[PDB]
Amino acid sequence: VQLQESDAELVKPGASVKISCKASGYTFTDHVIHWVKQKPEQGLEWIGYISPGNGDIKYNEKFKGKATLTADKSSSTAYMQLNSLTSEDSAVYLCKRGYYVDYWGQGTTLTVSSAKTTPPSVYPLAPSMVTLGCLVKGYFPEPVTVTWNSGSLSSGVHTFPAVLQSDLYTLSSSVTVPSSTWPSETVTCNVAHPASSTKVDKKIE
Amino acid sequence: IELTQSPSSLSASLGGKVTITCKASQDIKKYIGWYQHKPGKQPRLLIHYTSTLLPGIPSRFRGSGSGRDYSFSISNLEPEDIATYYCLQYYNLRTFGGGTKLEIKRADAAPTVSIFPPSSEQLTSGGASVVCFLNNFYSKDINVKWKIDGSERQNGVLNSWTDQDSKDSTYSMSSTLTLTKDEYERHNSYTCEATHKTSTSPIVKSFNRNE
Ligand SMILES: CCCC[C@H](NC(=O)CCC(=O)O)P(=O)(O)Oc1ccccc1
Ligand SMILES: [Zn+2]
Ligand SMILES: [Zn+2]
Ligand SMILES: [Zn+2]
């Protein structure tokens, strides 16, 4: 059971977008697909659902005309179209499979802005147990994902929520390894910015 | 249908109890559910049809109510229960509550501070950022005083705390001071000072440029 949601998106005010929610692993027409609006800060908000097969669509009154739900049985994929975009529509959008394990999609960060994409500049942060870091500075839009040594270091990692200052985002990430392992062994942070299709690695020397 | 959740956020002891309320706008006839949302993970259903616990969910999670008035409780709090919790009526369509972001208390823990110079790659640009991590501390409250040549620098700072550690109940915090490459080079001493409840005098970390 898979609910592969489409890629992160940046779109101007007034325009439209289409998010997909590709189901796989079970029979598509056995369940409904709900779309939820996620935060920032707090709160999940139900937008509506669609029936594959049936075609029955239910909406939240707030989202009628705002959101348009579709499904394509031939490709097992639910869609949501969002229209006349304002910055209040900047949020993470989650699709879910109706639960009567409970499966949700991974999320799709939609950003509504006149700004352009800037990939982040990743800076290495070098000095019993040592702490290293990476500064992921000045990017747009969200998200960014940081790993250390391709997912091999984890428990000593603390990645920080991005903060928007002067129309750009900056987040940092720290890893704390034993002094015994760095610099003898390599520590590299891997930073992905999906909206600019960059994957950047920086060895901390 | 509107659903009103309270509290918006809460802080409860380890091994203690918590009660979250939801108030429906109409009778929703016990068709309410409660979800646990951990950062970057599953909204996980815990309780459906007011009181029916979903499988494997401990006895210490409970749900009550009828009509319009509903409650949910968790007693004997464990660190693993750090999450934002939501109610959800599914009587007529679906409506979430506003959420309750839960924190679980812990023994006060002093932060591990780490100052880092600007990278030589950043100095290729006209900017130079000094970063400071104050890792795994409890009592979220903390002052990060920056000092450049013994003098406090307030403007040009970026702070961000992590969400509470699900395993050990501490927070982490990152403060970044950015300057121009030339303003950075006019000075020597860079200090990241930390005011926390666990010490009566700041946990300070520095570096000197012309050293
Ligand atoms: C809470 C328990 C009921 C879940 C719903 N399941 C049913 O209503 C099935 C029939 C039942 O036995 O009542 P669903 O997952 O569709 O709602 C949503 C919709 C959006 C987000 C989360 C859940
Ligand atoms: Zn099924
Ligand atoms: Zn219907
Ligand atoms: Zn100066």
# chains A, B, ... in the order shown; residues from 1 in each chain; ligands from 1
>>> residues_near_ligand(ligand="ligand 4", cutoff="9 Å", atoms="only C-alpha atoms and all ligand atoms", output="VMD selection string")
chain B and resid 148 183 to 184 186 to 187
>>> select_by_dssp(residues="region 5-181 of chain A", states="strand (DSSP E)", output="PyMOL selection string")
chain A and resi 5+9-11+17-24+33-38+44-50+57-59+67-72+77-82+91-97+108-112+121-125+129-139+145-148+157-159+163-165+168-178
>>> interface_residues(of="chain B", to="chain A", cutoff="7 Å", atoms="only C-alpha atoms", output="compact mmCIF listing (two decimals) with N, CA, C and O atoms, in the first residue's frame")
# COMPACT_ATOMS: atom_id res chain seq x y z
N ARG B 94 -16.20 15.33 7.66
CA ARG B 94 -15.14 15.31 8.66
C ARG B 94 -14.69 16.69 9.10
O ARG B 94 -14.63 17.64 8.31
N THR B 95 -14.38 16.81 10.39
CA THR B 95 -13.88 18.06 10.94
C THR B 95 -12.87 17.75 12.03
O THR B 95 -13.14 16.97 12.95
N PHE B 96 -11.66 18.31 11.92
CA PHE B 96 -10.67 18.17 12.98
C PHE B 96 -10.84 19.25 14.03
O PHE B 96 -11.45 20.29 13.80
N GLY B 98 -8.71 21.90 16.69
CA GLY B 98 -7.55 22.75 16.48
C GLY B 98 -6.22 22.13 16.91
O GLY B 98 -5.16 22.68 16.58
N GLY B 99 -6.23 21.00 17.63
CA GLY B 99 -5.01 20.35 18.09
C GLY B 99 -4.55 20.78 19.46
O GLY B 99 -4.83 21.89 19.93
N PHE B 116 30.68 27.89 16.20
CA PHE B 116 31.30 27.55 14.93
C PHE B 116 31.57 28.83 14.16
O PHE B 116 30.69 29.67 14.00
N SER B 119 32.48 29.59 7.52
CA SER B 119 33.20 28.70 6.64
C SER B 119 33.93 29.55 5.61
O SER B 119 33.52 30.67 5.30
N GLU B 121 34.00 28.99 2.58
CA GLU B 121 33.13 29.03 1.42
C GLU B 121 32.18 30.19 1.60
O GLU B 121 31.97 30.94 0.64
N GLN B 122 31.62 30.40 2.80
CA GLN B 122 30.76 31.55 3.03
C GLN B 122 31.52 32.85 2.84
O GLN B 122 30.97 33.77 2.25
N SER B 160 15.87 29.15 16.37
CA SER B 160 14.98 28.06 15.98
C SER B 160 15.22 26.93 16.94
O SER B 160 16.35 26.50 17.17
N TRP B 161 14.14 26.46 17.56
CA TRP B 161 14.24 25.32 18.44
C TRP B 161 13.74 24.12 17.68
O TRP B 161 12.96 24.25 16.73
N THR B 162 14.22 22.94 18.06
CA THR B 162 13.66 21.72 17.51
C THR B 162 12.36 21.42 18.26
O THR B 162 12.03 22.07 19.26
N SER B 172 16.55 21.19 21.53
CA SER B 172 17.82 21.66 21.00
C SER B 172 17.49 23.02 20.39
O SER B 172 16.33 23.34 20.13
N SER B 174 19.19 26.46 17.86
CA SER B 174 20.23 26.98 16.99
C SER B 174 20.01 28.45 16.70
O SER B 174 18.96 28.89 16.24
>>> closest_atom_pairs(of="chain A", to="ligand 2", cutoff="9 Å", atoms="only C-alpha atoms and all ligand atoms", output="tab-separated table")
residue	atom	partner	partner_atom_place_in_ligand_line	distance
A:26	CA	ligand 2	1 (Zn)	6.3
A:27	CA	ligand 2	1 (Zn)	6.7
A:28	CA	ligand 2	1 (Zn)	8.5
A:30	CA	ligand 2	1 (Zn)	5.8
A:31	CA	ligand 2	1 (Zn)	6.8
A:99	CA	ligand 2	1 (Zn)	9.0
>>> write_last_selection(atoms="N, CA, C and O atoms", output="compact mmCIF listing (two decimals), in the first residue's frame")
# COMPACT_ATOMS: atom_id res chain seq x y z
N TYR A 26 -3.03 -1.91 -3.40
CA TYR A 26 -4.37 -2.42 -3.09
C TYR A 26 -5.33 -2.02 -4.23
O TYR A 26 -4.93 -1.30 -5.15
N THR A 27 -6.61 -2.44 -4.17
CA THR A 27 -7.60 -2.09 -5.20
C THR A 27 -8.18 -0.71 -4.92
O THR A 27 -8.84 -0.46 -3.91
N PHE A 28 -7.91 0.16 -5.90
CA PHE A 28 -8.19 1.59 -5.86
C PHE A 28 -9.60 1.99 -5.47
O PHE A 28 -9.81 2.84 -4.61
N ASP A 30 -11.74 0.23 -3.79
CA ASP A 30 -12.24 -0.27 -2.50
C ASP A 30 -12.28 0.84 -1.44
O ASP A 30 -12.85 0.62 -0.37
N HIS A 31 -11.67 2.01 -1.64
CA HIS A 31 -11.63 3.07 -0.62
C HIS A 31 -11.71 4.47 -1.20
O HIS A 31 -11.41 4.70 -2.37
N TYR A 99 -10.28 4.96 6.25
CA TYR A 99 -10.08 3.91 7.24
C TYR A 99 -11.28 3.41 8.03
O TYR A 99 -11.70 3.99 9.04
>>> closest_residue(among="A:97, A:22, A:116, A:203", to="ligand 1", atoms="only C-alpha atoms and all ligand atoms")
A:97
>>> residues_near_ligand(ligand="ligand 3", cutoff="10 Å", atoms="only C-alpha atoms and all ligand atoms", output="number ranges by chain")
A: 49-51, 54-58; B: 93
>>> residues_around(residues="region 68-70 of chain A", least_positions_apart="2", cutoff="6 Å", atoms="only C-alpha atoms", output="PyMOL selection string")
chain A and resi 78-81
>>> closest_atom_pairs(of="chain B", to="ligand 1", cutoff="12 Å", atoms="only C-alpha atoms and all ligand atoms", output="JSON lines")
{"residue": "B:29", "atom": "CA", "partner": "ligand 1", "partner_atom_place_in_ligand_line": "13 (O)", "distance": 11.7}
{"residue": "B:30", "atom": "CA", "partner": "ligand 1", "partner_atom_place_in_ligand_line": "13 (O)", "distance": 10.7}
{"residue": "B:31", "atom": "CA", "partner": "ligand 1", "partner_atom_place_in_ligand_line": "13 (O)", "distance": 7.4}
{"residue": "B:32", "atom": "CA", "partner": "ligand 1", "partner_atom_place_in_ligand_line": "1 (C)", "distance": 6.3}
{"residue": "B:33", "atom": "CA", "partner": "ligand 1", "partner_atom_place_in_ligand_line": "1 (C)", "distance": 4.1}
{"residue": "B:34", "atom": "CA", "partner": "ligand 1", "partner_atom_place_in_ligand_line": "1 (C)", "distance": 6.7}
{"residue": "B:35", "atom": "CA", "partner": "ligand 1", "partner_atom_place_in_ligand_line": "1 (C)", "distance": 7.7}
{"residue": "B:36", "atom": "CA", "partner": "ligand 1", "partner_atom_place_in_ligand_line": "22 (C)", "distance": 11.1}
{"residue": "B:37", "atom": "CA", "partner": "ligand 1", "partner_atom_place_in_ligand_line": "22 (C)", "distance": 11.3}
{"residue": "B:42", "atom": "CA", "partner": "ligand 1", "partner_atom_place_in_ligand_line": "22 (C)", "distance": 11.0}
{"residue": "B:43", "atom": "CA", "partner": "ligand 1", "partner_atom_place_in_ligand_line": "22 (C)", "distance": 8.1}
{"residue": "B:44", "atom": "CA", "partner": "ligand 1", "partner_atom_place_in_ligand_line": "22 (C)", "distance": 9.2}
{"residue": "B:45", "atom": "CA", "partner": "ligand 1", "partner_atom_place_in_ligand_line": "1 (C)", "distance": 6.8}
{"residue": "B:46", "atom": "CA", "partner": "ligand 1", "partner_atom_place_in_ligand_line": "1 (C)", "distance": 8.7}
{"residue": "B:47", "atom": "CA", "partner": "ligand 1", "partner_atom_place_in_ligand_line": "1 (C)", "distance": 7.4}
{"residue": "B:48", "atom": "CA", "partner": "ligand 1", "partner_atom_place_in_ligand_line": "2 (C)", "distance": 5.1}
{"residue": "B:49", "atom": "CA", "partner": "ligand 1", "partner_atom_place_in_ligand_line": "2 (C)", "distance": 7.2}
{"residue": "B:50", "atom": "CA", "partner": "ligand 1", "partner_atom_place_in_ligand_line": "1 (C)", "distance": 9.3}
{"residue": "B:51", "atom": "CA", "partner": "ligand 1", "partner_atom_place_in_ligand_line": "2 (C)", "distance": 11.4}
{"residue": "B:52", "atom": "CA", "partner": "ligand 1", "partner_atom_place_in_ligand_line": "2 (C)", "distance": 10.1}
{"residue": "B:53", "atom": "CA", "partner": "ligand 1", "partner_atom_place_in_ligand_line": "2 (C)", "distance": 10.7}
{"residue": "B:54", "atom": "CA", "partner": "ligand 1", "partner_atom_place_in_ligand_line": "2 (C)", "distance": 9.7}
{"residue": "B:86", "atom": "CA", "partner": "ligand 1", "partner_atom_place_in_ligand_line": "22 (C)", "distance": 9.9}
{"residue": "B:87", "atom": "CA", "partner": "ligand 1", "partner_atom_place_in_ligand_line": "1 (C)", "distance": 8.3}
{"residue": "B:88", "atom": "CA", "partner": "ligand 1", "partner_atom_place_in_ligand_line": "1 (C)", "distance": 6.1}
{"residue": "B:89", "atom": "CA", "partner": "ligand 1", "partner_atom_place_in_ligand_line": "1 (C)", "distance": 7.1}
{"residue": "B:90", "atom": "CA", "partner": "ligand 1", "partner_atom_place_in_ligand_line": "8 (O)", "distance": 5.8}
{"residue": "B:91", "atom": "CA", "partner": "ligand 1", "partner_atom_place_in_ligand_line": "13 (O)", "distance": 8.0}
{"residue": "B:92", "atom": "CA", "partner": "ligand 1", "partner_atom_place_in_ligand_line": "8 (O)", "distance": 9.4}
{"residue": "B:93", "atom": "CA", "partner": "ligand 1", "partner_atom_place_in_ligand_line": "19 (C)", "distance": 8.2}
{"residue": "B:94", "atom": "CA", "partner": "ligand 1", "partner_atom_place_in_ligand_line": "19 (C)", "distance": 5.9}
{"residue": "B:95", "atom": "CA", "partner": "ligand 1", "partner_atom_place_in_ligand_line": "20 (C)", "distance": 7.9}
{"residue": "B:96", "atom": "CA", "partner": "ligand 1", "partner_atom_place_in_ligand_line": "21 (C)", "distance": 7.9}
{"residue": "B:97", "atom": "CA", "partner": "ligand 1", "partner_atom_place_in_ligand_line": "21 (C)", "distance": 11.4}
>>> write_last_selection(atoms="C-alpha atoms", output="PDB file, in the first residue's frame")
ATOM      1  CA  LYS B  29     -23.815  10.825  18.307  1.00  0.00           C
ATOM      2  CA  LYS B  30     -20.481   9.499  19.616  1.00  0.00           C
ATOM      3  CA  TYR B  31     -18.922   9.481  16.122  1.00  0.00           C
ATOM      4  CA  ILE B  32     -15.634  10.964  17.213  1.00  0.00           C
ATOM      5  CA  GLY B  33     -12.022   9.889  16.833  1.00  0.00           C
ATOM      6  CA  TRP B  34      -8.668  10.863  18.359  1.00  0.00           C
ATOM      7  CA  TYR B  35      -5.377  11.021  16.506  1.00  0.00           C
ATOM      8  CA  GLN B  36      -1.740  11.268  17.500  1.00  0.00           C
ATOM      9  CA  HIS B  37       0.423  13.296  15.119  1.00  0.00           C
ATOM     10  CA  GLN B  42       1.798   9.040  10.914  1.00  0.00           C
ATOM     11  CA  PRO B  43      -1.334  10.747  12.099  1.00  0.00           C
ATOM     12  CA  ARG B  44      -2.084   7.653  14.036  1.00  0.00           C
ATOM     13  CA  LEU B  45      -5.592   6.720  15.159  1.00  0.00           C
ATOM     14  CA  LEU B  46      -5.840   5.911  18.778  1.00  0.00           C
ATOM     15  CA  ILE B  47      -9.520   6.023  19.631  1.00  0.00           C
ATOM     16  CA  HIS B  48     -12.678   5.765  17.503  1.00  0.00           C
ATOM     17  CA  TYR B  49     -16.429   5.892  18.363  1.00  0.00           C
ATOM     18  CA  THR B  50     -15.624   7.914  21.457  1.00  0.00           C
ATOM     19  CA  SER B  51     -14.192   5.094  23.661  1.00  0.00           C
ATOM     20  CA  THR B  52     -13.069   2.264  21.459  1.00  0.00           C
ATOM     21  CA  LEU B  53      -9.413   2.024  21.600  1.00  0.00           C
ATOM     22  CA  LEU B  54      -7.629   0.955  18.468  1.00  0.00           C
ATOM     23  CA  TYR B  86      -6.504  15.914  17.312  1.00  0.00           C
ATOM     24  CA  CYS B  87     -10.155  15.015  17.679  1.00  0.00           C
ATOM     25  CA  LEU B  88     -12.163  14.277  14.556  1.00  0.00           C
ATOM     26  CA  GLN B  89     -15.914  14.007  14.149  1.00  0.00           C
ATOM     27  CA  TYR B  90     -16.982  11.797  11.287  1.00  0.00           C
ATOM     28  CA  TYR B  91     -20.734  12.028  11.946  1.00  0.00           C
ATOM     29  CA  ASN B  92     -21.427  14.275   8.961  1.00  0.00           C
ATOM     30  CA  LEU B  93     -18.435  14.662   6.693  1.00  0.00           C
ATOM     31  CA  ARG B  94     -15.137  15.312   8.656  1.00  0.00           C
ATOM     32  CA  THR B  95     -13.885  18.058  10.940  1.00  0.00           C
ATOM     33  CA  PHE B  96     -10.674  18.171  12.981  1.00  0.00           C
ATOM     34  CA  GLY B  97     -10.193  20.000  16.238  1.00  0.00           C
TER      35      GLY B  97
END
>>> atom_distance(atom1="CA of residue 154 (chain A)", atom2="CA of residue 106 (chain B)")
22.5 Å
>>> residues_around(residues="region 189-198 of chain A", least_positions_apart="5", cutoff="7 Å", atoms="only C-alpha atoms", output="ChimeraX atom specification")
/A:8-9,117,119,134,141,143-150,203
>>> write_last_selection(atoms="N, CA, C and O atoms", output="tab-separated table (two decimals), in the first residue's frame")
chain	number	residue	atom	x	y	z
A	8	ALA	N	6.90	18.84	-4.47
A	8	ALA	CA	6.77	20.18	-3.91
A	8	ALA	C	6.65	21.25	-5.00
A	8	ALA	O	7.31	21.19	-6.04
A	9	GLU	N	5.81	22.25	-4.73
A	9	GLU	CA	5.40	23.21	-5.74
A	9	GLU	C	5.50	24.70	-5.38
A	9	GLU	O	5.20	25.09	-4.25
A	117	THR	N	12.81	30.65	-7.21
A	117	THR	CA	13.56	29.65	-6.46
A	117	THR	C	15.04	30.00	-6.45
A	117	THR	O	15.68	30.40	-7.44
A	119	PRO	N	18.11	27.81	-4.75
A	119	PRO	CA	18.73	26.71	-4.01
A	119	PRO	C	19.51	27.15	-2.78
A	119	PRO	O	20.06	28.24	-2.81
A	134	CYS	N	26.01	21.83	9.52
A	134	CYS	CA	25.84	22.36	8.17
A	134	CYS	C	24.80	23.47	8.28
A	134	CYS	O	23.81	23.34	9.00
A	141	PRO	N	11.58	27.77	-2.38
A	141	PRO	CA	10.78	27.66	-1.17
A	141	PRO	C	11.09	26.45	-0.29
A	141	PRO	O	12.04	25.71	-0.52
A	143	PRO	N	10.20	22.58	0.95
A	143	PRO	CA	11.12	22.12	1.99
A	143	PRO	C	12.58	21.91	1.56
A	143	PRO	O	13.00	22.04	0.41
A	144	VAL	N	13.33	21.53	2.59
A	144	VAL	CA	14.69	21.08	2.43
A	144	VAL	C	14.77	19.81	3.29
A	144	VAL	O	14.05	19.70	4.28
A	145	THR	N	15.56	18.80	2.89
A	145	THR	CA	15.81	17.66	3.77
A	145	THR	C	17.30	17.39	3.94
A	145	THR	O	18.06	17.29	2.98
A	146	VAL	N	17.71	17.27	5.21
A	146	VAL	CA	19.10	17.06	5.60
A	146	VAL	C	19.34	15.66	6.15
A	146	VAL	O	18.61	15.20	7.03
A	147	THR	N	20.33	14.93	5.62
A	147	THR	CA	20.81	13.70	6.21
A	147	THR	C	22.30	13.87	6.50
A	147	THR	O	22.95	14.80	6.05
A	148	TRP	N	22.85	12.95	7.29
A	148	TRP	CA	24.26	12.91	7.63
A	148	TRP	C	24.74	11.50	7.31
A	148	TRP	O	24.13	10.50	7.70
A	149	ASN	N	25.82	11.45	6.52
A	149	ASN	CA	26.43	10.22	6.04
A	149	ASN	C	25.45	9.25	5.39
A	149	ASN	O	25.49	8.04	5.62
A	150	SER	N	24.55	9.84	4.60
A	150	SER	CA	23.50	9.12	3.87
A	150	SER	C	22.53	8.31	4.75
A	150	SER	O	22.08	7.21	4.41
A	203	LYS	N	31.47	17.80	2.82
A	203	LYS	CA	32.34	17.16	3.78
A	203	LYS	C	32.87	18.22	4.75
A	203	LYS	O	33.32	19.31	4.38
>>> closest_atom_pairs(of="region 81-182 of chain B", to="region 10-17 of chain B", cutoff="7 Å", atoms="only C-alpha atoms", output="Markdown table")
| residue | atom | partner | partner_atom | distance |
| --- | --- | --- | --- | --- |
| B:100 | CA | B:10 | CA | 6.8 |
| B:101 | CA | B:10 | CA | 6.3 |
| B:102 | CA | B:10 | CA | 5.0 |
| B:103 | CA | B:11 | CA | 4.6 |
| B:104 | CA | B:12 | CA | 5.0 |
| B:105 | CA | B:13 | CA | 4.7 |
| B:106 | CA | B:14 | CA | 6.7 |
>>> write_last_selection(atoms="N, CA, C and O atoms", output="PDB file, in the first residue's frame")
ATOM      1  N   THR B 100      -3.857  19.839  20.112  1.00  0.00           N
ATOM      2  CA  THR B 100      -3.231  20.057  21.406  1.00  0.00           C
ATOM      3  C   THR B 100      -1.809  19.577  21.261  1.00  0.00           C
ATOM      4  O   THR B 100      -1.560  18.379  21.170  1.00  0.00           O
ATOM      5  N   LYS B 101      -0.866  20.521  21.242  1.00  0.00           N
ATOM      6  CA  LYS B 101       0.552  20.201  21.156  1.00  0.00           C
ATOM      7  C   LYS B 101       1.001  19.863  22.567  1.00  0.00           C
ATOM      8  O   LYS B 101       0.953  20.704  23.463  1.00  0.00           O
ATOM      9  N   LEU B 102       1.387  18.600  22.772  1.00  0.00           N
ATOM     10  CA  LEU B 102       1.788  18.127  24.087  1.00  0.00           C
ATOM     11  C   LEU B 102       3.294  17.983  24.280  1.00  0.00           C
ATOM     12  O   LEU B 102       4.032  17.447  23.451  1.00  0.00           O
ATOM     13  N   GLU B 103       3.690  18.501  25.443  1.00  0.00           N
ATOM     14  CA  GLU B 103       5.039  18.404  25.970  1.00  0.00           C
ATOM     15  C   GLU B 103       4.987  17.561  27.237  1.00  0.00           C
ATOM     16  O   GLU B 103       4.027  17.635  28.003  1.00  0.00           O
ATOM     17  N   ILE B 104       6.028  16.757  27.465  1.00  0.00           N
ATOM     18  CA  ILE B 104       6.151  16.007  28.707  1.00  0.00           C
ATOM     19  C   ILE B 104       7.422  16.435  29.423  1.00  0.00           C
ATOM     20  O   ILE B 104       8.538  16.374  28.903  1.00  0.00           O
ATOM     21  N   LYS B 105       7.176  16.909  30.648  1.00  0.00           N
ATOM     22  CA  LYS B 105       8.203  17.360  31.564  1.00  0.00           C
ATOM     23  C   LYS B 105       9.255  16.323  31.855  1.00  0.00           C
ATOM     24  O   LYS B 105       9.099  15.107  31.712  1.00  0.00           O
ATOM     25  N   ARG B 106      10.331  16.938  32.337  1.00  0.00           N
ATOM     26  CA  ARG B 106      11.560  16.237  32.608  1.00  0.00           C
ATOM     27  C   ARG B 106      12.415  17.000  33.617  1.00  0.00           C
ATOM     28  O   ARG B 106      12.219  18.174  33.957  1.00  0.00           O
TER      29      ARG B 106
END
>>> residues_around(residues="region 190-193 of chain B", least_positions_apart="6", cutoff="10 Å", atoms="only C-alpha atoms", output="mmCIF file with C-alpha atoms, in the first residue's frame")
data_model
loop_
_atom_site.group_PDB
_atom_site.id
_atom_site.type_symbol
_atom_site.label_atom_id
_atom_site.label_comp_id
_atom_site.auth_asym_id
_atom_site.auth_seq_id
_atom_site.Cartn_x
_atom_site.Cartn_y
_atom_site.Cartn_z
ATOM 1 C CA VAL B 113 26.861 24.707 23.581
ATOM 2 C CA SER B 114 28.982 24.745 20.403
ATOM 3 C CA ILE B 115 30.242 27.802 18.557
ATOM 4 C CA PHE B 116 31.298 27.551 14.931
ATOM 5 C CA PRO B 117 33.196 30.096 12.772
ATOM 6 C CA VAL B 130 28.619 32.514 13.237
ATOM 7 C CA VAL B 131 26.498 29.535 14.394
ATOM 8 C CA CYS B 132 25.791 28.248 17.855
ATOM 9 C CA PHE B 133 24.080 25.016 18.848
ATOM 10 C CA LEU B 134 22.690 24.605 22.357
ATOM 11 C CA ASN B 143 18.510 33.280 26.192
ATOM 12 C CA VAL B 144 21.273 33.256 23.625
ATOM 13 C CA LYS B 145 23.318 36.387 24.086
ATOM 14 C CA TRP B 146 25.778 37.161 21.293
ATOM 15 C CA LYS B 147 28.899 39.141 22.145
ATOM 16 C CA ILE B 148 31.325 40.614 19.657
ATOM 17 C CA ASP B 149 34.440 41.856 21.401
ATOM 18 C CA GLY B 150 32.669 41.673 24.739
ATOM 19 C CA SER B 151 29.753 43.789 23.427
ATOM 20 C CA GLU B 152 26.113 42.471 23.058
ATOM 21 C CA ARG B 153 24.821 42.060 19.497
ATOM 22 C CA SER B 175 21.155 30.626 16.865
ATOM 23 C CA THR B 176 22.851 32.136 13.816
ATOM 24 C CA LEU B 177 24.415 35.590 13.796
ATOM 25 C CA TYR B 184 33.247 40.169 10.678
ATOM 26 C CA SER B 201 26.018 31.913 35.490
ATOM 27 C CA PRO B 202 25.930 31.547 31.629
ATOM 28 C CA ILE B 203 27.353 28.547 29.752
ATOM 29 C CA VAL B 204 29.609 30.480 27.370
ATOM 30 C CA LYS B 205 31.446 29.423 24.165
ATOM 31 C CA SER B 206 33.884 31.573 22.206
ATOM 32 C CA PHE B 207 36.478 31.768 19.478
ATOM 33 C CA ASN B 208 39.091 34.411 18.696
ATOM 34 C CA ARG B 209 39.797 35.278 15.058
#
>>> residues_around(residues="residue 13 (chain A)", least_positions_apart="4", cutoff="10 Å", atoms="only C-alpha atoms", output="PyMOL selection string")
chain A and resi 83-87+89+111-114
>>> atom_distance(atom1="CA of residue 205 (chain A)", atom2="CA of residue 188 (chain B)")
22.5 Å
>>> atom_distance(atom1="CA of residue 197 (chain B)", atom2="CA of residue 109 (chain B)")
8.8 Å
>>> closest_residue(among="B:24, B:158, B:142, B:173", to="residue 71 (chain B)", atoms="only C-alpha atoms")
B:24
>>> residues_around(residues="residue 73 (chain A)", least_positions_apart="3", cutoff="9 Å", atoms="only C-alpha atoms", output="ChimeraX atom specification")
/A:28-29,52-53,76-78
>>> select_by_dssp(residues="chain A", states="helix (DSSP H, G or I)", output="number ranges by chain")
A: 28-30, 61-63, 73-75, 87-89, 149-151, 194-196
>>> closest_residue(among="A:152, A:19, A:33, A:71", to="residue 92 (chain A)", atoms="only C-alpha atoms")
A:19
>>> closest_residue(among="A:110, A:168, A:136, A:129", to="residue 183 (chain A)", atoms="only C-alpha atoms")
A:129
